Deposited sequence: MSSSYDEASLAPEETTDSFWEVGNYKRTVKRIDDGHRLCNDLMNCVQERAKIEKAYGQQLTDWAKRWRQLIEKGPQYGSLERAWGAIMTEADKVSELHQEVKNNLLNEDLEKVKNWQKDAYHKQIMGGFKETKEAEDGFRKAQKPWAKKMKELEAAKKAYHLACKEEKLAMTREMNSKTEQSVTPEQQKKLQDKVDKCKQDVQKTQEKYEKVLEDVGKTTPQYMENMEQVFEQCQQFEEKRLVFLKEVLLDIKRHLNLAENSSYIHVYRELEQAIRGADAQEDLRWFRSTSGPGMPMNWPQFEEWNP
């Protein structure tokens, strides 16, 4: 009853066509939303780097340790930058890739749906029509047979002569679907198969696009990411306690020059 082969149930295959277009929509929003998220994190990082760069500067921390601490603000700028690159790929490549695929792939016609949906719809309607008509008729038949046996019940007459003519109409219409069935089957097989081909393009494209996206997301492949931490670490390792102590000593402590009191005149 639910089977493809019953009248009208080819519609699921048709519905699927409409679906693909919408599914391009869904994916495009998916990416945009993702990019928004990356954008927010890069943004919040630069704001932070900017806060702290300024607070370290203005503040009493001095020396190489001021610079080491400052370096973290340098990672936050770099990382921020990588996330903005992610956002820009997501948006400029992948979304535009999908936008383009959809545009060239579905055609709004007039009205009034996509052209690729209607072609399928018309193909199925044409493949199912003789058959659908035979199927209504075969239907009408059985009951007239289901109407001439049961009839024999009370009057049991032109009764065994009306079994013998509704039974043969029925039997003959039956014989005749038997005959139209393999064409009816060949014909469905074709529209359907043209539908698989279209859907296959879309799915093949999807798989490619997902991969594009994985790549634009994978910060941890890229050398730059691995490098910002190689570089942060060595900057901190650069800081010397003893260095800043000596610096304070000579610029602010006992190491400063003094003009020791002498004799004066005038």
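What the model leaves out of the deposited chain are the segments 1 to 15, 172 to 195, 306 to 307.
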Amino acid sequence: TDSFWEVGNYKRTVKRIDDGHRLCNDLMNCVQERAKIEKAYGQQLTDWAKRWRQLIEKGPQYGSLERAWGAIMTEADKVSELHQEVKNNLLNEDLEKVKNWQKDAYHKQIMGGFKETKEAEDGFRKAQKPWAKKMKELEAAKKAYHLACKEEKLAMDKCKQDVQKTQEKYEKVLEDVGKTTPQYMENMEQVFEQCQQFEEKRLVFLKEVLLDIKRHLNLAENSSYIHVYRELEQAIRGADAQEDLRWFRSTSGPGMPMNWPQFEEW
From here on, numbers count along this sequence of modelled residues.
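Legend: mean Cα B-factor per stretch from the PDB entry, 140 to 148 versus 173 to 181; the higher mean is in 140 to 148.
Look at the C-alpha B-factors of 73 to 81 and of 129 to 137. On average they run higher in 129 to 137. Take 118, 87, 97, 160 and read off each C-alpha B-factor from the entry; 160 has the highest.
The entry lists C-alpha B-factors for 167, 194, 102, 92, and the highest of these is at 167. In the deposited entry, the Cα temperature factor of residue 20 sits in the bottom third of values across the chain's modelled residues. Sort the chain's modelled residues by C-alpha temperature factor and residue 233 lands in the middle third, per the entry. Residue-level temperature factors show residue 13 in the lowest third of its chain, judged at the C-alpha atom. Among the modelled residues of the chain, residue 221 sits in the highest third by CA temperature factor in this PDB entry.
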